[PDB]
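There is one chain below, alone, in structure tokens, taken in the form whose entry title says "closed state".
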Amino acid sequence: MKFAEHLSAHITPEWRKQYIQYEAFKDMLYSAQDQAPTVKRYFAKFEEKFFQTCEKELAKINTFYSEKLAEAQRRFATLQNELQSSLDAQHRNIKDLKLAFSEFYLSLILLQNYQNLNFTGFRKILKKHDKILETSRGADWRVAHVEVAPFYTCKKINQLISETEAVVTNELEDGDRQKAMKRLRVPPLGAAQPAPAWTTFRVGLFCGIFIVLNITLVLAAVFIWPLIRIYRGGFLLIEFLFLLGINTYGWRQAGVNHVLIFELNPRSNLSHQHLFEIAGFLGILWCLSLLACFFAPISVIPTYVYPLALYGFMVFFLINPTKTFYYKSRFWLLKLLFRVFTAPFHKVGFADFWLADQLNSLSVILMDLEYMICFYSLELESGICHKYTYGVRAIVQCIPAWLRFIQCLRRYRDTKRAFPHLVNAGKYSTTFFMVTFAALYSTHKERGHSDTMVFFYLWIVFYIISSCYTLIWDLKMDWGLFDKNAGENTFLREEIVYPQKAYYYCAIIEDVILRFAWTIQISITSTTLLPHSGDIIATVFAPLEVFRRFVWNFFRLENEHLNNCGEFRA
């Protein structure tokens, strides 16, 4: 039933062009039926053309399967050699070997699914052609060629699977098949695995509660402690989580193998539904805290505990040691954060750079944390922490840019490729220069030093430079657009995965606008350029920054899947 949709869902994206073109055959058959008027000879010519196309597709499938089988055999040979060397040596090496064996088993299972689906598609398309043409020649062709095709009559893959299982059990697992087939099973992958019904119900419940609480908050607002600054970080984090769930959904639908790019376990992937559930729960907590602050239902309890607890809970949620509430994902995130914040002492993989960029787009959270620290230290001259700026504010603002710059320097050291890493480092240090000049101008504003205009002009120049640098890097390098190989997709690259180019153009325009918007937001937040409306401008701009980062994540992951722009894979 609807074999085309099932095939499309179960097709491995990396081999999309190497599967059976079921839709093309369906379109050919329908066009032939529509154009049928001499009738017998026309039908004979159409049958000949269809058989030729089927033969071409069968040859393509056979050659692809043969090459993949040879690759699998070579991989098995090298893995066996590595296992023999490890045995001759006789813990971490054993773990790495087990991971490699699981990956090889996944590749074998993918090959088996490829051959099975190709055979099923051949059978289905031949049956459909026979039904439409009211002729039995399709079954004869299938039996003559497809039934005896090498891709369908090769059991070398099942034998490889059996040998891999036996080797894993006897050597790595110490002769117990029960331990094997776990981490070595390859459950349903991709869109072929519907999310749990309970997860979807929880996502819906959290979304509804969040919507109602947001409506209540809006009505209450329309009808001692700065709540905007405190809650902006939480709101931005919740928005980022929701937009990241959307990013994951789009990557799964667009065929972008973000699992491989992020070096995540293919057998256990946190679905977009789980991200939506986490975002909804965090938003529910955030809304409850804000409502409690507005109303103060408990008189004895102070108001300040309401935010402090909320974020604290989130912290306790992230650093929870109990194996519950996405414990594996939380531990992976904690390790990634530790690597990122200690960037110069670790290998900069794709995940580290991506999370550093996310932090760069989430510097408002760090700024709000520093502002809260200042408010607690001093305010508890009115508003001293807001009217006057200091160096620590600038350093906190530049911390994400510092992390990215040091990551780029480490990448340059590792690979010695000057051009990309050094250009990116300059593109991140433009931020240091801009923030430094803005802080100098703000500090000199209070004390007339006769050089305020010089610093203002320097800040404007470096603002323009940084905005142009970031925009050019995003459009040309992160997204790979404006390439010279665009045969038809003007201002884009030759290959695009997303259905519409209008998405690409809208993303280009929104990035152009929002890079300047975010640069303005950084300039306002890190100093006192606009003490009157600065807070509201930053609050309005930060969600726009998160949205820009979400679109950038979309297109950067697309480019990474299409091309090794980040050079994170051999």
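Start at 1 and count along the sequence shown; that's the residue number. Basically, rigid core = biggest C-alpha set you can superpose within 1.5 Å across the two forms.
Q | residue 283 coordinate gap across at least a third of other entries | A | Result for residue 283: never missing in the compared entries.
Q) Checking the other PDB entries that cover both flanking residues: does residue 378 lack coordinates in at least a third? A) Across the compared entries, residue 378 is modelled every time.
Q. Would you class the number of unmodelled deposited residues between residue 223 and residue 224 as none, 1 to 3, 4 to 9, or 10 or more?
A. Gap between residue 223 and residue 224: 4 to 9 residues without coordinates.
Q) Per the entry, how many residues of the deposited chain go unmodelled between residue 37 and residue 38: none, 1 to 3, 4 to 9, or 10 or more? A) The entry leaves 4 to 9 residues without coordinates here.
The form whose entry title says "open state" exists for this protein as well; it is not shown, and the discussion that follows is about that form.
Q.
For residue 531, does the CA position differ by 2 Å or more between the shown form and the other one when the superposition is done on the rigid core?
A. Yes, the C-alpha moves 2 Å or more.
**Q.** Post core alignment: residue 388 C-alpha displaced by 2 Å or more between the shown form and the other one
**A.** It does shift by 2 Å or more.
**Q.** Residue shift check between the shown form and the other one, rigid core fit, residue 446 Cα at least 2 Å
**A.** Yes, residue 446 moves 2 Å or more.
Q) Would one find the Cα atoms of residue 564 and residue 252 closer or farther in the other form than in this form, where their distance changes by 3 Å or more? A) It is closer: the C-alpha separation of residue 564 and residue 252 falls by at least 3 Å in the other form.
(Q) residue 349 and residue 518: their C-alpha distance differs by 3 angstroms or more in the other form. Do they come closer or move farther apart compared with the shown form? (A) Farther: residue 349 and residue 518 separate by 3 Å or more in the other form.
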